[PDB]
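Below, chain A is the first sequence line, B the second, and so on; all start at residue 1.
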Amino acid sequence: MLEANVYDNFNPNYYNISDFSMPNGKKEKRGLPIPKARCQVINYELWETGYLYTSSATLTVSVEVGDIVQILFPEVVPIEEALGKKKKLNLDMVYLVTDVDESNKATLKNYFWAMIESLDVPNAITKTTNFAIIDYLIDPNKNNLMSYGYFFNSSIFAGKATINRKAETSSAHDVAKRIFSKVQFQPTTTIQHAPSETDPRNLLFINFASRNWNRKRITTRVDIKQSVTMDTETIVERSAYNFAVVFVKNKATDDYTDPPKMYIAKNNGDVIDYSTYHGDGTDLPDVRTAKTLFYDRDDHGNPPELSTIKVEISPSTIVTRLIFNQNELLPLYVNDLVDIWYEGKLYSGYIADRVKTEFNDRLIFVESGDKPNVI
Amino acid sequence: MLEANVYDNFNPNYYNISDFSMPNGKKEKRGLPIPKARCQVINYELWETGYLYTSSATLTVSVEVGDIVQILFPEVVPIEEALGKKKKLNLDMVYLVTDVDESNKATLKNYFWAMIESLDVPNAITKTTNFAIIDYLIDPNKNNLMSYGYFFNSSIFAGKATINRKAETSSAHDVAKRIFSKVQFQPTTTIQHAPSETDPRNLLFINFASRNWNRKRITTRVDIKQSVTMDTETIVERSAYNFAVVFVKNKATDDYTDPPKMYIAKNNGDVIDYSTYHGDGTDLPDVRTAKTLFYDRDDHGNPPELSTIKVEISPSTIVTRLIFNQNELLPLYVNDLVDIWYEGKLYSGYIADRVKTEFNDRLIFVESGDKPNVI
Amino acid sequence: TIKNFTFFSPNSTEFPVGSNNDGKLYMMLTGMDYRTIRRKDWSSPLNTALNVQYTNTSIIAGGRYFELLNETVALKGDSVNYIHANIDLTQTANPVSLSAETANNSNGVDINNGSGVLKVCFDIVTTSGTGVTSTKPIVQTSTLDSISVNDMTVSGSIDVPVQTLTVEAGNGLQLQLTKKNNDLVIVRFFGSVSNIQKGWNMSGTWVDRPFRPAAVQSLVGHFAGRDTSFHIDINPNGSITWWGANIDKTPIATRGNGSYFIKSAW
Amino acid sequence: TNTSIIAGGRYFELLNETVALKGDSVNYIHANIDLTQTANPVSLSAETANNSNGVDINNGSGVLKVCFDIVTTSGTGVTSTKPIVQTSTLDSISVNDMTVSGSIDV
Amino acid sequence: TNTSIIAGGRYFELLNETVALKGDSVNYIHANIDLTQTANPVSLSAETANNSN
Amino acid sequence: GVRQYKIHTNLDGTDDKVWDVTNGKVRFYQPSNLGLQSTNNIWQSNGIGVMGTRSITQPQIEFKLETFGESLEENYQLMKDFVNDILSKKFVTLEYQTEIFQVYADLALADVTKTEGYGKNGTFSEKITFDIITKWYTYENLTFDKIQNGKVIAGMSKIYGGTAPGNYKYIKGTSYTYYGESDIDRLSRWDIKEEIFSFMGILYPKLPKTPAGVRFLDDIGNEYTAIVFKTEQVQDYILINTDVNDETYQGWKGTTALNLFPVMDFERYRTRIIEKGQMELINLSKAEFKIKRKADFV
Amino acid sequence: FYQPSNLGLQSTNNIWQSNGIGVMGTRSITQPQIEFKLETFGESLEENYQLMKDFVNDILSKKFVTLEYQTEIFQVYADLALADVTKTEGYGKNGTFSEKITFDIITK
Amino acid sequence: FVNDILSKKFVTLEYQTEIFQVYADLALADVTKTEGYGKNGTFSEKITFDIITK
Amino acid sequence: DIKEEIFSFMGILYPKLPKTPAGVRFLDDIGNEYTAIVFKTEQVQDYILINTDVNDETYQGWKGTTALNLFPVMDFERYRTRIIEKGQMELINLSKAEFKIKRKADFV
């Protein structure tokens, strides 16, 4: 049985008001209250990030749709939140209650995914860096749920953002999924009291954090004893592509009336126009995972730069996911960059999620590849 | 139990290299190898084309996601691949392994549908003939899976192509589905050694073939003894339309700000502006199946030609599908054009797929109609 | 591959002889396995309280030769001590040790081809509460194939193969034949004979080929409780001829032991 | 796989030593010792007859040939194997107990 | 884990004090008292024989 | 002559408590099934069987649990102590002894009943059920030592060298010595001929700055798996245990233990499934093993 | 109360077999329900009806009830919640009851 | 008996009468082992075989 | 002349000519070829061993004392089925063939 702090909805309409007088007199946004209840959690399946599935639990106090449920674990996770600063962070899983059945069985959506519901992203927002998207996505002036900031190493989101499918307006849900796959981090939601003695507020943050400020890939071994579940992404789910079919809008027709040009990612990471390939095929990925891209020309009629096309694809294959029990010989945590040896094969990727049941603690590893470029 | 040839993925990154020295010295693309294994297939449900459903089988050798499984049948199919040339073609069903469970039960996707995964088609590709689409779709320089050519009678794809829903960019999956419904052929994948003694290669082709080079409709009778399954397409699935609502982009507003004009397909095939109809209604289809169309004006401000609108619709109704056991009194094969008498009613259409189980051999007939124009 | 030992090594590097190679050679020359020894007390062991001192005893165990020179083994009182030679090749400086154990714990470990400690019992020393009461050595076994010998003296016994056969010769006569060394046969008569005439072949089963003699054998029998006798001939062809007087309907119990050789001089 | 042989008082080991056989035949396996072949004095042969020659290699010249195994084949493989007897030629034996599996000829 | 010992009339306590052992051996655990080692007069050893002096 | 059962709270541990469940005050009668089940995932294609993977299933063991206390107090005490002794350990070990074997099974309590339908003196007649962990094993202790042969010295070693046909001599105190043994290496190797559950070992590394561990070779002498480590500091010895439920890879330096798993050659550790063939040491002077031998049926 | 159905327990270690070899998981105990034979010893129909009514409603009036289990070696408690109680007409001498009462375990 | 069956991929049952001599390739499905002895501790158990080639 | 059901067969095939494929073909009751086990070796093999048993199949050629796995050289297009129907088996470029047929009897 787990302990949980239950709250009234973290409504931005209420909290996004800068009328709170800080100890120095200056005005800041209203902080969150203390829980409305402390209950227990039984018959649960709780996912840390909500990478793939929604969570569920029976709670000992009646909750309702819109309530916020912070579930606590008597365990810590190693996190390095600044170049020097290492901490042992309490493991919590923060959700929005989306449904409650007659028996008090709640359906729980991870805070971050619930926060960005119904927000759309025009393709024009993808024109610069990934950070520009992240900063657009996380905003109490637009979001359905309150937030007080986001934490991460700048470097992770400093690269060129990838475009939306069909160069169209996409949902924030789909663009976040895309970006997170590209950067190989999933978000976590945190509730903490402001660390400075100057700030008494109880705050909520979105985080893109791991055990190392500048991630160091861990090489490990997953064993058959760990109840391993091995699956491959469905074509709908496909999160990695190693080849691109590129369409550029013709200025005269104002339409994609010219033939596409094809680009390939070699095993070492290099991306070239596929028509120029002169190798023997041993330096290219062992399967092809193509994607179609659509771009407009700039005011000079220039098509996209190779460096813009380059970020869409990487040295990767069909993405295998391994779900396995936590192993005390080498524990893994969400956002760890890993090289896993499983049944005599090497898999390069990261830990996208983690699930807690009364009898299990399991990691979801995503074979995202992109070993030559990912940080 | 069936025999199957298992192969490593037919990766175009590897095979799409023209470094193979032919017997004459000239350079051609690398041919496919011999199977990596020969296994047997049990507890199976195998669909020839993958018109509606995915296939499954338990294989006697462990396979993996990405492998190619060619399943062999000790039977032939009549095919006429050129005006004079009739052959008895071995029945094979070629798949990509998309999933393998713990018990060696594989999920199999028909090669052609797997080949065109993730490829998108801008509306601009639909501007001319159906052949222009087919040639765009089947290409080892873009596709995820290798191929060495496509076979068909030119006439089938010589007509005007239909446009994408909402005049938008659509997936190759959706456009192929659309075209195949219009031409009344489904593709088959074939693995063969190059027939000429000059070419020693093992090749893979996509085919739009039947028993007759210029199809001759077969009239037959399906009986209740044949375990007939009768269903109608869901509105999502709707593959035939007999009426069109046509929108033409206004030049001044650059938007669809003018009222649509409606067109009807009469029973004899004639398509007219619906506002000009002066008959008694006995010459029009007995149900209406409307579709909305969107077009731009040409550089002279001309709206589409009636001949362009004409190809979108046909004399047809609610499409009924009949799935029934093969009958030795008159065997039917994929791509047969048929007139079926079932329970005292006539159904005009074609054989879209065929399924093999340990105890059955069944055809999927699609009541596509379009009797006055289909070839 | 062929590994040579008893051969010229021109460069003194080719065929060095390992201790395990000589071990196997010696085992083969003497016909010993890992479950026996070669042992010789050149001088008598000395018993002092609960101890046995081997003054000068040589032992060959697993083809390995060693000498016990004033080597004392402490014994358990009021017990049958089984004295073992233990060989552990990993103990390079001292590969051999002796032990006094409660049972014969010989393990037959192949030390010349594999790993392990060879334990082989060579002596049985019985004690009272104060000292040794008796000593009995373990038997030294010679496992041989084909022997050509001039003369032999046996102090114990020779065990030779034995085959048995029961023949229902007919007319109520039963022969129980025991053949030893595939040559000497002792026939024991049983049953009761009736309805037979002198010179007549008996009406039943003929003697099986492995018990047939090279020459006709006349075997004397007796009639139980009478002063009368008979004889039968076991012919080389397997048939049995009656050579007693004519017997009527009333059967008379037939008994007696008769011996014959299957083989003649050859 | 691991067979030790003493032939003419010379000890050697056959360690994964393969002898090719004649099909549909009774193969007589011989150890051949040629002391002049200093690097490889021993070799094995499969022959159509027992060609043991009794050559005294310890007192004179010549190649000693001694049969040690009889291997019978079909057209495809071995059907049966029979070893050659190991003879102990002795003069006077003093023994405590003896077990005979075959026969004593007196 | 928690063993008290009196050796030569001197009282001391072993509180989570680990002694490394020789494998395949009979280890004789000794308390050794050296009064010249003023900061740590007591130490433990694992030896091949009973070397009590 | 008759069969003997015993429950051990810690087989081979100094704190082991043994309940004689054949002759003691708490007894086991009538094991439900000491047999097994097997599947080959056979599919019949019109009578023709198509074999799949073979798998063994060991059934649970249910016993009749009877008490022989001479009073109500003694019988309540016997039940309470027996059950809580089982309940206090991660698992318990059943010893199964006959005239032909002495084998063990690591078990975990699945259920126990407690009722009131007493015989004379309040004796219990209940049902106890165990889940199987390791059914039918014995321990085998093996030592592997890396022994090197001496050099071949003309004039000392037994070899027929010199002028043809070669010779050696007996020279008082120098004479002839044996250089070494053919395949001295066999003394550092495990000749694997049988099935095992797992093994445990103490490895003594030889050279510093060099990886150490063990490798496994199949019947044709090819390596198929290995447990090898590369530590920053020299370790006095390394302890390994392939038991799925008590899996350990730890280096010992003095009385300090370090988890060596992060430092293992994961690519070489292909499997834990030990095949027939042999185990070789990698940069070890010695290794001491405790092998958990396997028998599915006894 | 006579004849408790089971004062024992069940345990799971979430063991799954890999070709007979058990792979242990988390250990968990399950306490089964206790069913007793419920008997009344009133000297009349009136007394027995009263006894049943009073006993059952005394249990029913609390969130839970506590069973005291005492022997010469222990004195222990169990917090229980009534799961079911039967009431029939199949009387012995003086209309005595012989019913079944089941309890769900809260704290055993 | 059990370990001889268990040591092979499959075992073969010979079924002979005066009219036939036939075989069946079988795989052990289950075998019981209990303690309910008759004279001299004789076993009376149940053995099941899966059919491969009957 | 195949009149009965078979579980599988073992065959020793004796090829005649060098380059031409060598093996066996199976014809149905209407005289049509439905399957064939055929090999195209660079050199004439003295004989080829085939075992069609689903659980233990083998395709091995013999030239002298040299064994060769014939799987790489087998016609994967023509070997359509191992389910042998009534009809007849013909030789392909073989002088002789010796078969050990595993006959099938569902009931006895």
Chemist: To the nearest 0.5 Å, how far apart are CG in H:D25 and CG in I:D56?
Modeler: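 Taking CG in H:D25 and CG in I:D56, the distance rounds to 10.5 Å.
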Chemist: Is it true that, when you exclude H:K9 itself, more than 12 heavy atoms of the residues, nucleotides or ligands shown sit nearer than 6.0 Å to its NZ?
Modeler: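 Yes, NZ of H:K9 has more than 12 neighbouring heavy atoms, counting only those of other groups under 6.0 Å.
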Chemist: Under 3.5 Å, is there a donor-acceptor pair between the side chain of I:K102 and the main chain of H:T53?
Modeler: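 No, the answer is negative, given that no donor and acceptor are paired below the 3.5 Å cut-off.
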Chemist: Is the number of heavy atoms from other residues, nucleotides or ligands within 6.0 Å of NZ (I:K63) greater than 12?
Modeler: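 Counting other residues, nucleotides and ligands, NZ of I:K63 exceeds 12 neighbours.
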Chemist: Which bit of H:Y15 comes within less than 4.5 Å of chain I, counting heavy atoms only: side chain, backbone, both or neither?
Modeler: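 For H:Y15, the contact with chain I is made by the side chain alone.
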Chemist: For I:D106, is it the side chain, the backbone, both or neither that has a heavy atom under 4.5 Å from a heavy atom of chain H?
Modeler: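 Just its backbone gets close to chain H.
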Chemist: Atom CD of residue position I:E42 - does it have more than 12 heavy atoms of other residues, nucleotides or ligands inside 6.0 Å?
Modeler: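 At most 12 heavy atoms, drawn from other residues, nucleotides or ligands, come within 6.0 Å of this atom.
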Chemist: Can you tell me if I:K40 has over 12 outside heavy atoms packed within less than 6.0 Å of its NZ?
Modeler: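 It does not: I:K40 NZ has 12 such atoms or fewer within range.
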